[PDB]
């Protein structure tokens, strides 16, 4: 039993946050979806009778949850799942650190990687992953409750990806699954660039709708994201964050919030401090406001 800690699997992550008080939107939406109980049984994302035929026992659309109704909340298709940014060493490899709360005999440690062009918003299916694993570990030694394996990192990848780790025990027929959300650096520097400030002059009436349009370098419609503000989200120090959360969730092309040293953009409960970032130049954005229809 266990999962990856370096990098953190999607389940280890949500849990290091604090199941009883999630911090990231994805994790909040995960506990609201499948309960807090799954986040504690974080070691049992498994299939007792895989026998090496994971493709026949893990249903499409529930890979992150091994089709276990308990972990239903892990299969959410979102663009904001917290993710580790990874890169190779001087030789192109990556040292994975798997945490085994119960060291059992090992058959293999297979690493799958989403195809080029993976779309976070489509629930992870087997065919969204590349056909054969990019790294196959066949013997390990324990070291302070973790299995450490050097792996050749796939080259040419770019953007947010999911590494799918399968651990097939040798002593029994069961295996464990780990959706690791990673993020690759392209062949060209892709630093988040700020475009404007998602500023709020005064509060908006409850039920009004707030729309953010994004235009590319050629003034073409790039993306659109709308959000009707329920009571309590219409505050001036509230709605800019409410919109910045709907944006980050549905999109990886534009992110609204605060940039940190690592390179991540997380919003804030601020009236002015929320910023609109895009990984290309010359982009522009507009904020439109539909007011609640009046009349009988």
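Numbering follows the first chain given and starts at 1.
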Comparing 120 to 128 with 105 to 113, which stretch shows the greater average C-alpha B-factor in the deposited entry? 105 to 113
Return whichever of 71 to 79 and 95 to 103 has the greater mean Cα B factor according to the PDB record. 95 to 103
Take the CA temperature factors straight from the PDB entry and tell me which of 259, 227, 254, 64 peaks. 259
Choose from 133, 156, 191, 159 the residue with the greatest Cα B-factor as stated in the PDB record. 191
Which third of the chain does residue 26 land in by C-alpha B-factor: lowest, middle or highest? lowest
Within this chain, which third does the Cα B-factor at residue 90 fall in: lowest, middle or highest? highest
How does residue 185 rank on Cα B-factor within its chain, lowest, middle or highest third? middle
Lowest, middle or highest third: where is residue 151 by Cα B-factor in its chain? middle
Hey, what third does residue 246 fall into on Cα B-factor, ranked over its chain? lowest
